[PDB]
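**Q** To kick things off, part of the complex as it is:
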Amino acid sequence: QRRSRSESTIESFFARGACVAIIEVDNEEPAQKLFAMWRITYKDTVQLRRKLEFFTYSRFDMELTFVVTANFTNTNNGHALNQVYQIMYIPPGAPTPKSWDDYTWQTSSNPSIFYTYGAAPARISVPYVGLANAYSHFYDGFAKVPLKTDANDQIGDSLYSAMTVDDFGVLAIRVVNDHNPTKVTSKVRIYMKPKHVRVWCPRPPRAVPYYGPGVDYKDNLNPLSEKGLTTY
């Protein structure tokens, strides 16, 4: 035995940064997208989702990297000075911005990153922030149980396999700069890298296209292709 399995380890399997979200933030004269709130999850994309759903439970420290790409929108010769983007983390319960100049942007206790355009992509790390002892990719249950004494069925009605409505909060991204006379549109791509990963209860990989945050399937349910029984 001289061939090794260093690259098949769980840490190596997730050691790549996967894009999990693309957020559009526009700066223009203040129906608008001057600030964008994105709920944190890996299920907006399939690749990392499929890799993680190889297992039932996980525990990993995350690393987020933000790549910002700005462009003009129908500019004739209108130009702009280098922009600064504010990415504020809003955990469940904290107030959420209602405008791009709201008081919530003060970031007194909410962590925030101020990224200057043209610099290196903004990278930070997060520890395991799970309420339980491990993350639950699959939850075979509800959060509310409808009881006999409930006045109406909606009291106990809950989404299947949904644990909490506000899983880990949102990221609110704005352009701190005031509006230039010409519109500037930017895309922030968030790349998520698990680290120190531990996994439990392996599961078969998804074989059909994802349909929503659950195991629901709707279309393209015939994956295997035609092949002769005795054809090599």
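**A** Done, it's in. Numbers count the residues shown, from 1 in each chain, chains lettered A, B, ... in the order given.
**Q** ok now do residue A:77, which residues does it touch?
**A** Contacts of residue A:77 were listed using Cβ atoms under 8 Å, 6 or more residues apart in numbering, and none were found. In this view, the C-beta of every residue, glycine as well, is placed from N, C-alpha and C.
**Q** what's the answer for residue A:124, then?
**A** A:63, A:64, A:113.
**Q** how near is it to residue A:111?
**A** 8 Å (Cβ to Cβ, to the nearest Å).
**Q** Residue A:145 now?
**A** Separation of residue A:145 from residue A:111 (Cβ to Cβ): 36 Å.
**Q** These two - which one has more neighbours?
**A** A count of neighbours by other Cβ atoms under 10 Å puts residue A:111 above the other of residue A:145 and residue A:111, at 12 against 9.
**Q** Quick check: the gap between that one and residue A:89.
**A** Per Cβ to Cβ, residue A:111 is found 5 Å from residue A:89.
**Q** Then residue A:7?
**A** 33 Å.
**Q** okay, the two: which has more neighbours?
**A** When residue A:7 is set against residue A:89 and neighbours are counted by other Cβ under 10 Å, the residue ahead is residue A:89, at 19 against 9.
**Q** That one contacts residue A:109, correct?
**A** No: using Cβ atoms under 8 Å, residue A:89 makes no contact with residue A:109, being 10.5 Å away.
**Q** CSV please, covering the contacts of residue A:124 and showing neighbour count and distance to residue A:13.
**A** Below are those laid out as CSV (neighbours: other Cβ atoms under 10 Å; distance: Cβ to Cβ, whole Å):
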residue, neighbour count, distance to residue A:13
A:63, 15, 15
A:64, 22, 19
A:113, 17, 28
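**Q** what's in contact with stretch A:91-100?
**A** Contacts of stretch A:91-100 (Cβ under 8 Å, 6+ apart): A:30, A:34-35, A:37, A:88, A:90, A:104-105, A:110, A:164, A:166-170, A:172, A:174-175.
**Q** Of the residues you listed, which count as buried by neighbour count?
**A** The neighbour count (16 or more other Cβ atoms under 10 Å) marks A:34-35, A:88, A:90, A:104-105, A:110, A:167-170, A:172, A:174-175 as buried among the contacts of stretch A:91-100.
**Q** Of the residues you listed, which pair is most distant in space?
**A** A:167 and A:175 (26.5 Å; Cβ to Cβ).
**Q** can you tell me how far the residue nearest the centre of chain A sits from residue A:224?
**A** For chain A, residue A:41 is the residue whose C-alpha lies nearest the centre (Cα atoms, centre = their mean; 3.3 Å). Distance of residue A:41 to residue A:224, computed by Cβ to Cβ: 30 Å.
**Q** Kindly incorporate the sequence below as chain B:
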Amino acid sequence: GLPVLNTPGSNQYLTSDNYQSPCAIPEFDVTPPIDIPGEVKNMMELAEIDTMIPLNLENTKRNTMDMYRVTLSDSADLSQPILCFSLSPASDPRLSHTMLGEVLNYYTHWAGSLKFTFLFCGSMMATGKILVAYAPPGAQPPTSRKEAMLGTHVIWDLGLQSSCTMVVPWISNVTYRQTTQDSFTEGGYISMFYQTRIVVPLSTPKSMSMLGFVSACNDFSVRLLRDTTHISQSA
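**A** That brings us to chain B, laid onto the chains above:
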């Protein structure tokens, strides 16, 4: 000189970072500290302090001094509860604005046992028994004494002791609960009932008021600092 490689994240300002910075006033002779009474080393020390609960939040009683008083009486309906509130120490209106709740609303997660102290402020000639019950979540919220009896509970004799301490132990599926209304991290319910009655003699007030206080125990802990929703600024 020394070859270096600029890693991603360079030239960013993270408000939670811990980096050394140049001093704008070097060689400054700072005033030495003194032993001022009341030094605080942790924020949970404040939460451990009992503070009165706005138990009554009716339209004509909230945002007054009557919102801290719960009326007890000998003429009350012994079948109905005295007071009832969910065990949400940061989202429940009766607990959110308490000192404990104020400290919690700066954090996303909380875990620990609570302590509710109920003080009877009637006459010394008034006597009675009160059943104070905590029901862990999962079942119907106790609407009767026969139900609240089945959960954790304590009987409080008004004549003997004017204050009762109902300790709610930490019993949770998750290691930490959220400081926001969530049916998955629901904490339970707290209810109060008349065990026997309030009995008063003649020439005594037949209606009295009780006060409620809430505190955190030494096992209490919070996690993931955040911004409170209580304070806002017009922009």
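**Q** With chain B now part of the structure, what is the answer for the contacts of residue A:124?
**A** Counting by Cβ atoms under 8 Å, 6 or more residues apart in numbering or on different chains, residue A:124 makes contact with A:63, A:64, A:113, B:9, B:14.
**Q** try 6 Å
**A** A:64, B:14 (Cβ atoms under 6 Å, 6 or more residues apart in numbering or on different chains).
**Q** What of residue A:56?
**A** So residue A:56 contacts A:138, A:201, A:203 (Cβ under 6 Å, 6+ apart).
**Q** that older thread, nearest spatial neighbour of the residue nearest to the centre of chain A, skipping sequence neighbours?
**A** residue A:167 (6.4 Å; Cβ to Cβ, 6 or more residues apart in numbering or on different chains).
**Q** What strand or helix carries the one you found?
**A** Using DSSP states H and E, no element contains residue A:167; it sits outside every helix and strand.
**Q** Kindly report the same for residue A:65.
**A** Assigned by DSSP H and E, residue A:65 falls in strand A:55-72.
**Q** The residue nearest to the centre of chain A and chain B: what is the separation?
**A** Distance, residue A:41 to chain B, by Cβ to the nearest Cβ, to the nearest Å: 16 Å.
**Q** which parts of chain A sit against chain B?
**A** A:65, A:91-95, A:101-103, A:107-116, A:119-124, A:131-132, A:143-144, A:147, A:149, A:163-164 (Cβ under 6 Å from any Cβ of the partner chain).
**Q** Need phi/psi at residue A:120.
**A** When read as degrees, to the nearest 10, the backbone of residue A:120 gives phi -70, psi 150.
**Q** looking at it, it is touching residue B:10, isn't it?
**A** Yes: assessed by Cβ atoms under 6 Å, residue A:120 is found in contact with residue B:10 at 4.5 Å.
**Q** And these two? Which one has more around it.
**A** Set residue A:120 next to residue B:10 and count neighbours by other Cβ atoms under 10 Å in any protein chain shown: residue A:120 wins out with 16 against 12.
**Q** Around chain A, which positions in chain B sit nearby?
**A** Counting by Cβ under 6 Å from any Cβ, the residues of chain B that sit close to chain A are B:8-16, B:108, B:140, B:174, B:176, B:178-180, B:182-184, B:224-227, B:229, B:233, B:235.
**Q** go with 7 Å
**A** Contacts of chain B with chain A, taken as Cβ under 7 Å from any Cβ of the partner chain, map to B:6, B:8-16, B:105-106, B:108-109, B:140, B:174-176, B:178-180, B:182-185, B:224-227, B:229, B:232-233, B:235.
**Q** Can you get me a residue count around the closest residue to residue A:14 other than its chain neighbours?
**A** If the residues on either side of it in the chain are set aside, residue A:14 comes closest to residue A:194, at 4.1 Å by Cβ to Cβ, 6+ apart. For residue A:194, the neighbour count with other Cβ under 10 Å is 25.
**Q** here's chain C, add it to the model above:
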Amino acid sequence: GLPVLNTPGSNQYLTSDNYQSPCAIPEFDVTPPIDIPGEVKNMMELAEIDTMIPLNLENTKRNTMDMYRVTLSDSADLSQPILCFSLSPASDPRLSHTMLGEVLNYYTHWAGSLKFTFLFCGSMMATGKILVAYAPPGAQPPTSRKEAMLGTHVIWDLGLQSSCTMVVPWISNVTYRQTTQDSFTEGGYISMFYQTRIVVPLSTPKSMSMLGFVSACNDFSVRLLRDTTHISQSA
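**A** Take a look at chain C, now in place beside the chains above:
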């Protein structure tokens, strides 16, 4: 301060780099782990697990429960093969979507011995011998028992043992084969033939079904992680 020289590559984001980054939530009391059953330390552990093979992929049988069943019978033509498939554990349709193939399709290179377990699911009154053969690449794919005989092979008596393990050892010119169809890293062929026949008595089903399972051995290894082609997202 310290003179430094910015080397090429500065201010780049390589998604496979391993650099330290600032913590956005410092002094966070992470929930401690517990001993959850089923911990996985390597992805090849999953590949070592035997999983059923969609051996039959006809137009009217694929993407159903009939694609895992291969029909055996006493009336079958003893000269023709039962099943035949190339030893491509990541590109062959019958092996690509197996757990082994799913793990391989995340890597560019693979090397190791395979293990095919064939299970007979007929009556206990049915008996027969099956010749399971592996032919290393280079020659004609065995179209007859006289040819498959010449390669590696095992005889499986249905009556005695209901399952047979055909181990395909690692025999390759290269140290690693590609997980993609390539005639230079071709792995070989697997074929099955009737050694004698299936013999059944009266009042017994004359047609039966066999199942196939594929697994990796302890010598198995993969290299050069990549993105799988199985999962796609509409953009």
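**Q** what do you get for the contacts of stretch A:91-100 once chain C is counted?
**A** Stretch A:91-100 is touched from outside by A:34-35, A:37, A:90, A:104-105, A:110, A:166, A:169, A:172, A:174, B:105, B:108, B:178-180, B:224, B:226-227, B:229, with contacts defined as Cβ atoms under 7 Å, 6 or more residues apart in numbering or on different chains.
**Q** Alpha carbons of that stretch, as PDB, please.
**A** In PDB, the C-alpha atoms belonging to stretch A:91-100 read as follows (Å, rounded to 0.1, in the frame of the first residue of the first chain):
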ATOM      1  CA  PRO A  91     -28.700  37.300  12.900                       C
ATOM      2  CA  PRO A  92     -32.200  36.300  13.800                       C
ATOM      3  CA  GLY A  93     -33.900  38.900  16.000                       C
ATOM      4  CA  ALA A  94     -31.800  41.900  15.100                       C
ATOM      5  CA  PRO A  95     -33.500  44.700  13.300                       C
ATOM      6  CA  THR A  96     -33.400  44.700   9.500                       C
ATOM      7  CA  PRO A  97     -32.700  47.700   7.200                       C
ATOM      8  CA  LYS A  98     -35.700  49.400   5.600                       C
ATOM      9  CA  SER A  99     -33.500  51.700   3.500                       C
ATOM     10  CA  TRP A 100     -29.900  52.100   2.400                       C
END
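**Q** And it, how far out from the chain middle?
**A** Here stretch A:91-100 is found 17 Å from its chain centre; the criterion is Cα atoms, centre = their mean, to the nearest Å.
**Q** where along chain B do the strands fall?
**A** Listed in chain order, the strands of chain B (DSSP state E) span B:2-4, B:13-14, B:51-52, B:70-73, B:84-86, B:107-111, B:114-120, B:127-135, B:152-157, B:163-168, B:177-178, B:189-199, B:207-216, B:221-225.
**Q** Tell me which strands the fifth one pairs with, and in which orientation.
**A** Right, strand B:84-86. The pairing partners recorded for strand B:84-86 under DSSP bridges are strand B:189-199 (antiparallel).
**Q** May I have the partner strand exported as CSV, CA atoms only?
**A** The C-alpha trace of strand B:189-199 is given here as CSV (Å, rounded to 0.1, in the frame of the first residue of the first chain):
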residue,chain,number,x,y,z
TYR,B,189,-45.2,28.1,29.6
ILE,B,190,-45.6,29.6,33.1
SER,B,191,-49.1,29.7,34.8
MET,B,192,-50.5,30.6,38.2
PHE,B,193,-53.6,29.3,39.9
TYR,B,194,-55.4,29.6,43.2
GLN,B,195,-54.6,26.4,45.2
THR,B,196,-57.2,27.2,47.9
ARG,B,197,-58.1,30.9,47.9
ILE,B,198,-57.2,34.2,49.5
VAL,B,199,-58.9,34.4,52.9
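**Q** Next, the buried residues of it.
**A** B:189, B:190, B:191, B:192, B:193, B:194, B:195, B:198 (16 or more other Cβ atoms under 10 Å in any protein chain shown).
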